[PDB]
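> Sequence, then structure. It's an experimental one.
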Amino acid sequence: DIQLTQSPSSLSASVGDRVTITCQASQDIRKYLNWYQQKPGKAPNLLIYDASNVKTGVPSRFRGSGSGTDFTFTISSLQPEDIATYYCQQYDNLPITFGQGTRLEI
Amino acid sequence: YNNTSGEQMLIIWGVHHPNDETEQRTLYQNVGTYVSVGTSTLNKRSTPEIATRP
Amino acid sequence: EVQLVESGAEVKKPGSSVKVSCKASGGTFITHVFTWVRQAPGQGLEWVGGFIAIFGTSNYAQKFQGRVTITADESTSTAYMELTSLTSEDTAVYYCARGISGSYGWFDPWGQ
Amino acid sequence: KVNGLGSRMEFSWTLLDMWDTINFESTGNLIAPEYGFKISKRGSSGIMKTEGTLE
């Protein structure tokens, strides 16, 4: 089980910015990574899969990028329904690890 | 694999023949696949056969 | 489009047992990778389970094996986890979900 | 051209065991059987390559 690290656990939602979450694994996983959205404290939801491609129930407002140990979930110009905690998760390896959360406000 | 072993070695392999296209796709993604094995003496390339069997 | 009906809400008292259900439709019984992720009061996210219907094989995390058994039935298109020895590192909300491809891909719907 | 024809029919064959099931599926060029032959009597026989007739 190969230990992610969503840095940092909370940025501060200054609207419109280059708001960029990071996800750094314990070892090389190449391109087998997913980004999940948790709007308010309930059922999560999937946005980006397989590092740099999009769910087609699609925001143009979002982005995924990465490969090595290091990954990035980008929102450019902020919008007022995207209030959530955020997750990176994995396979390649076998027992399915996550990140902890990255959460910002109004 | 180079046979660095210190004698001739028997090597077996196989090809999966699926029941339907749904199996084919949910196993290997794409269709019209191929399995190719070769040595110095050997050259084979099988194209798998989807079909409904007893 | 493909959905996912789970079970109840009832937490229980330590030493007991659970058998969360999760049946799906919107497609055929093969494919279907049934994954299950649990969410403690406030904390992170935690993969517990899985079942890969093509194989009939089933995968767990190892803070379990011993305890958890996951199954299914094609006829009822219904999954079935079973968490025994039910303490307090066992108390959460338990999401069923659908994923893809043997190595548990992305989980595309989720349970309520 | 054999018999006018520059085309050919390639025929193959099998024994189908008792309670076994034969399936043909094609999208072109099948020459299907209508009949099977059941082996009614088994025994030591032969085929003589003669060019004459029986008395």
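Yep, it's here. Numbering: from 1, shown residues only, chains lettered A, B, ... in the order given.
> residue contacts, residue D:48?
Not one residue lies near residue D:48 by Cβ atoms under 8 Å, 6 or more residues apart in numbering or on different chains. From N, CA and C alone the C-beta is placed, and that goes for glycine too.
> Pop out the phi and psi values for residue C:28.
Backbone torsions of residue C:28, given as degrees, to the nearest 10, read phi -80, psi 160.
> Spatially nearest residue to the residue of chain B at minimum distance from chain C, not counting backbone neighbours?
Closest to chain C within chain B is residue B:26: 4.6 Å, counting by Cβ to the nearest Cβ. Spatial nearest neighbour of residue B:26, excluding adjacent residues (Cβ to Cβ, 6 or more residues apart in numbering or on different chains): residue C:31 at 4.6 Å.
> what about the one you found, distance to chain A?
16 Å (Cβ to the nearest Cβ, to the nearest Å).
> Residue B:27 is in contact with residue B:18, isn't it?
Yes - between residue B:27 and residue B:18 there is a contact at 6.8 Å, judged by Cβ atoms under 8 Å.
> any idea what residue C:38 is structurally, helix, strand or coil?
strand (DSSP: H, G, I helix; E, B strand; the rest coil).
> Isn't the residue nearest to residue B:26 up against residue C:54?
Yes - between residue C:31 and residue C:54 there is a contact under Cβ under 8 Å: 6.9 Å.
> just so I have it, where are all the helices in chain B?
Applying DSSP state H to chain B gives helices spanning B:21-28.
> Just want the residue of it that's nearest chain D.
Closest point on chain B to chain D, by Cβ to the nearest Cβ, is residue B:54, at 5.5 Å.
> And the helices in chain A?
Remark: no helices are assigned in chain A by DSSP H.
> quick one on the thing from earlier: chain neighbours aside, what residue packs nearest to the residue of chain B closest to chain D?
Nearest residue to residue B:54, sequence neighbours excluded (Cβ to Cβ, 6+ apart): residue D:21, at 5.5 Å.
> Residue A:36 versus that neighbour, what's the distance?
50 Å (Cβ to Cβ, to the nearest Å).
> By proximity to chain C, which residue of chain A wins?
Here chain A gets closest to chain C at one residue, residue A:96, 3.5 Å apart by Cβ to the nearest Cβ.
> right, and that residue touches residue C:60 too?
No - with contact defined as Cβ under 8 Å, residue A:96 does not count as touching residue C:60 (10.3 Å).
> list residues touching both of those two?
Overlap of the contact sets of residue A:96 and residue C:60 (by Cβ under 8 Å, 6+ apart) consists of residue C:50.
> quick one, which of the two is more surrounded?
More crowded of residue A:96 and residue C:60, by other Cβ atoms under 10 Å in any protein chain shown: residue A:96, with 23 against 20.
> got the contact list for that one?
With contact taken as Cβ under 8 Å, 6+ apart, residue A:96 is in contact with A:89, A:90, C:35, C:47, C:50, C:61, C:104.
> Pick out the residue closest to the middle of chain C.
residue C:36 (3.3 Å; Cα atoms, centre = their mean).
> That one against residue C:21, yeah?
No - the pair residue C:36 / residue C:21 is not scored as a contact, 11.1 Å apart, by Cβ under 8 Å.
> of all of chain D, which residue lies closest to chain C?
Relative to chain C, the nearest point of chain D is residue D:25 (21.8 Å; Cβ to the nearest Cβ).
> Could you tell me how many residues sit around that residue?
7.
> Measure how buried the nearest residue to residue C:44 once chain neighbours are set aside is and give me the count.
Excluding its sequence neighbours, the residue lying closest to residue C:44 (Cβ to Cβ, 6+ apart) is residue A:100, at 5.0 Å. Residue A:100: 17 surrounding residues under other Cβ under 10 Å.
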